Structure formats: C-alpha cells, structure tokens
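Two forms, one chain: they're shown below as structure tokens, one block per form, named structure 1 and structure 2.
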Structure 1
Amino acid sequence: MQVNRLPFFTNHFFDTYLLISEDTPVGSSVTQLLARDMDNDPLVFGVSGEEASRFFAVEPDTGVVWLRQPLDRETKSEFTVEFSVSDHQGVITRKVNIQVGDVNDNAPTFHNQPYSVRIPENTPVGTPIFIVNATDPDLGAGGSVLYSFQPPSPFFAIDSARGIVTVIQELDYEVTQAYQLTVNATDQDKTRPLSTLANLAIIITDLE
C-alpha cells in the first residue's frame, strides 16, 4: 500500500533566523508558515512550547504567525520557537531562531544617585572632581550617551563622552559655598533622541 507522506516545511527562515522589531504591535503577522504535503492532505499549523505560545500564535489553517504579546529586546533579545505542521496523521516540528530587533525605546538611567561631592576652595582649575555615569541599553547611536550641563556652568565642565566633571574657574568659598548643577544625559538617536536629567551638588569647603 501507500504509506502517508508527512508534510514538510518550506520556509527559508528555518535555516537562518526570523527578525521581528520590538516595536511590532500585538496582532501583527510576523511571518507565514509554508508547508507541502505530497498527498495534498489538508494541513494544520501550530506553535509549541510554553514561552513561545505566550508570545506567538498561529492561525491553524493558513499558518500565519501572529504577535500575541509585546516584545522587548532589552528583556529578551531572541527566542527559539518550535512550529508544527500536521496532516492529521502525523505532526512534524521544526525550530527557528527569532531575533528581536532594536528600537530606541529607553532613555539613559543614572546610577548611584544622589550625586554630591565636597571639594576645597583651593581645588585648581582642571581638577576632575566627579564622574557621572548613565547607561542606555539600546543599540547603536540610541545606546550611546552624551553628557552636558543644562543650564551650562561657567565654573564646571563635563566631558561629553566620559562624564568627568572638572573645575574650569577658580573657586571662592566666600562668594559661593555650594553649586547645584543639572546634568543631561542623552542618547544619540538621529531621529528620536531620548534623554534624562540628574542633579549634581558641588559643596565648597573653606581651608579655614
């Protein structure tokens, strides 16, 4: 007799990877599973696995794969997903690597606040007194932070790439005993930069 011929997948992505942008809206089709059954049997498609089934859903008859929950590359940057196809006599599965594509969706975050430093009034021009650090988990320019004072200061400077704060004019405890500066950390996304502000207190101490 004839033995049933099981279906097999014909998508090219099973051998490489599927890319899905993290800004993909829920409900969006992310691909369509394609399969052949040489008996011309009607086929039913699925996704298997607890995590995969949470994030992705599959139209049983058409094989269209849907986004069921929002993606977030900064929480999980890829998935290994098992898809199935069945002619109702047997079930064939195959795995695909899904890469989550980055969008610039995070502002920088400053660590180890509150920021404060005490320096003596004879601290000379050029002296580094504080290093600010903000991180940005996005990729490329959207993850590359630049620092500035906003508003600017005539007494202190901050290195835009390194976050190193230096004295740029002589200090004088009699004139000013404290400064309140605002550091801006911005990513360098070309279309939609995101930024964050942090306070820096510089306290001047008198020699005696």
Structure 2
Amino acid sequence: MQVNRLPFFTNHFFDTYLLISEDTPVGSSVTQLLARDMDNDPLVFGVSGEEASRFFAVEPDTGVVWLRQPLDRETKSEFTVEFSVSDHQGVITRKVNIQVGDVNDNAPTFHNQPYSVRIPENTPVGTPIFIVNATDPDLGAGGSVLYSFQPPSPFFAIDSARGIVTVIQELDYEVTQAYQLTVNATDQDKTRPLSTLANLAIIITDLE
C-alpha cells in the first residue's frame, strides 16, 4: 500500500568516535542523538545492552543522553555503545565507539614502606644508600613521578627520576645520630599536579 521508510541516525560521531571525559559528573548531558525519518514519524530513542544501559540514560523524545554512573579511565578506557531509534514500525541500531578521556585524578602511591636504612658514619660522599618507589596510573605527564626531599637536606640528595638516595656530605655520628626526611612524590600534570609524602628514616651507626 504505502511501505514504511525506516529512520537513520545523523550524528557525526557514529562515523568516528565520541570522547567523554572521566570527570564528567553523573547527570550531565553527554550528547544528543539525532535521527531523520522521511515519513516524519514520531521517533523513540534508546540504548541497548546491559553494560551500556547502566552507564547511560536516554531521554526518549528529545534524544539527550545522560551519564548515570561515574566513568573511570583507570578502570575502563572505552566502550562500544549500541543506540537505537524506532518509529513504531521498526527499530534501527548503530554502534558508537566511546573513548574515555583521562584527567589527573590520582596522586602517586609509595611502595615498600616503611622506609628505613642503616648506614655507617664513614659512608663516602656519593654512595647510593636507598631507593624509593611510587607509581601513578594516570596517563602521560600526570603519571610520571618526580621525587624530592621536603625540604632538601644538606646530608642527602634524591635523584628526581630514579628515587635513588645518595649521601652528599660527610656524616658525623656525634653531631647527629638519626635523620627523619620527608620524601615527596609528585606527578607532572601541567595545571593540576598531585603528590604524596613518605617518611625516610636514616639511622647512623658508629665505628669507634
């Protein structure tokens, strides 16, 4: 008689991908689906799939897509999400690749704590005596750790890339028996660096 023409999505992202930042708050509109039906039938938008349906809600008439629970780039970096549009005689579906975008939302975490090391007072200047280690799961500059002492010490230095502690001035057991240094591990995010503190105990032992 007069056969139905099915609707089709028109969003550009179906041809490429959709980028959503991991800091996007629950409740935020993340996009708006767009469809054309030549009959101009009233259209109904939806999301399909168990995984997809818990992350995204879809307003049926307008097609706005909301985030229902928080994304986390550290847990899952991308999804393939299947959307649908239907005209009451038929449902069509199209997948979109969703790339989760990272923000620096993690400070470094130290490993092998507690840090404590015994050294003799005659340890030469330049001797590597200990290695500190922290890791940070954020991408790029936000996951590259730098080490420092806060404040810097006259008796010990720490290699900022490698976390190797060396002795930089002659030790005197009589003047000072133990040191309590604060190691800082920061990432290098440009606008929002994050950092963590850890203690380093250096106990001096005597020869005489």
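All residue numbers here refer to structure 1's sequence, counted from 1. Under this definition, the rigid core comprises the largest set of C-alpha atoms superposing within 1.5 Å between the forms.
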Problem set entry | Core-aligned C-alpha movement of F79 between the two structures reaching 2 Å | no
For this session: Superpose the two forms on their rigid core, then report whether the C-alpha of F156 is displaced by 2 angstroms or more between the two structures.
Result: yes
Exercise. Which angle, in whole degrees, describes how far the smaller rigid part rotates between the two structures?
Worked result: 13
Problem set entry | Cα displacement of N184 between the two structures, core-superposed (Å) | 1.4
Problem set entry | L197 CA shift between the two structures in angstrom, with the core used for superposition | 2.0
Exercise. With both forms put on the same core, how far apart in Å are the CA positions of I20 between the two structures?
Worked result: 0.6
